[PDB]
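See structure below.
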Amino acid sequence: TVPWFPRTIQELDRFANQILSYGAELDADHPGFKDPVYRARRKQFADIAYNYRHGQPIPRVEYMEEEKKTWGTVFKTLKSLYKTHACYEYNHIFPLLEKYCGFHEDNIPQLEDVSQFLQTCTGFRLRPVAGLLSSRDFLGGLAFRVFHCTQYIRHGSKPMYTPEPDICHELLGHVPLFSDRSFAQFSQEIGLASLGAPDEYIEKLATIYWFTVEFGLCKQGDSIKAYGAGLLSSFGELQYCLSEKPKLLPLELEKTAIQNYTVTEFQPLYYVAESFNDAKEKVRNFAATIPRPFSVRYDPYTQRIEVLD
Ligand SMILES: Cc1ccnc(-n2c(S)nc3sc(C)c(C)c3c2=O)c1
Ligand SMILES: [Fe+3]
């Protein structure tokens, strides 16, 4: 009995709120655990996501001085690496994000502005998300070029640490790659692959996602550069990923899909992509191995998924 998936973009409304209601910020472990103001702020961002419906403007939020400071620290620290460590695509778009989107140490960009910018670049759009969605639900969004995106910021006591996605990771890690057409097509391919796929393949796709969108390296002429959002938003790991320490292997999906990984330390191993067009082709070949009694394609004119046989 084939798993349901949205067939229109508005149908992402359906399971968008089906998050893990009891989130990371509730653990005694969390940098913000003892902070009741932080607790409430987090629920505030969650209620914004909860009430969001596809098509609406994303609500603007006045960030606090404390939050802007945390952003500032993440921004300045990370900025110092991008020219040398980040891929061309990243460095190419970053100044535009500064000019048109207010990417600056003193200013946390608003999601609506960033979403409009991306729509202009590649048709990618943002949708605020409360918390952790299933891989199935999150990856499905990508098929429509929709990135489920957090709006809250990490707790101010630890600006270099987040166990979770937060706004810094989304804007400084993901957003600049979603501005590139080739990357955008690649990421969407992973989304298309996920539609109606068995649970076992959702997990293989999530693993591929992690070794690409989150922790991917790519060839850049004779050199290698970072493009994964998890690398680009981690000061420590961004420098480490391109030192002699980690092991590097070519992106190869039948191996990548089964490779184990942990979230708590630096990756002992990275996969290197030839280019985003090549990763896309590889994902397209891999999707053909997924037992699905149909074929899918996205029609951007009507914003619907076409389902054949
Ligand atoms: C597949 C999927 C579905 C929903 N969210 C995610 N997701 C994304 S996009 N970025 C990050 S950064 C970090 C430290 C974590 C844990 C995390 C994460 O979980 C991934
Ligand atoms: Fe991420």
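Per Swiss-Prot, chain A residues shown: 117-425, in order.
Header entry for method reads X-ray crystallography, 2.1 Å.
Every residue gets a Cβ built from N, Cα and C, even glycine.
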Query = Pick from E221, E228, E330: which one does Swiss-Prot list with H285, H290 for the same Fe cation site?
reply = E330
Protein Cβ atoms within 10 Å of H290 (Fe cation binding site), excluding its own = 26
